[PDB]
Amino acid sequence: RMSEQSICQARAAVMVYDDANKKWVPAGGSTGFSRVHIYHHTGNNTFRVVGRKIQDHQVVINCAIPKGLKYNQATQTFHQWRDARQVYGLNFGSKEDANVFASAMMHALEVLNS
């Protein structure tokens, strides 16, 4: 019953890297900034990244956070990580959005590495 906890809300344009066209592209197929959360399932101590388009709340990312996720703070406003399939990118609206998300990601990883 206990709904998942949102532990941050950042503004980012969610992106994926398109290998066949060797460039970054918008996740879900369309441009626009999303509201991006880290959700914490307090029952199980599992976490996921969920990003919903600001204009229409389309879910463009729904990504589990594993123990040992390598979180790459590539630029001050662009962070990325990968799984076996994709590289995900977050293009933040500002340095504050980015730092707030990164802190929540490290907190998630803190709990996951306990």
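Numbering starts at 1 and runs along the sequence shown. We call the rigid core whatever largest set of C-alpha positions still superposes within 1.5 Å between the two forms.
Rigid core superposition in 8 other deposited structures of this protein puts the Cα atoms of one stretch, out of 16-24 and 99-107, farther from the shown form on average, and that stretch is 16-24.
For the pair 97-105 and 13-21, the mean B factor over Cα atoms is greater in 13-21. Look at the C-alpha B-factors of 57-65 and of 32-40. On average they run higher in 57-65.
The PDB entry assigns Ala84 a C-alpha temperature factor belonging to the highest third of its chain's modelled residues.
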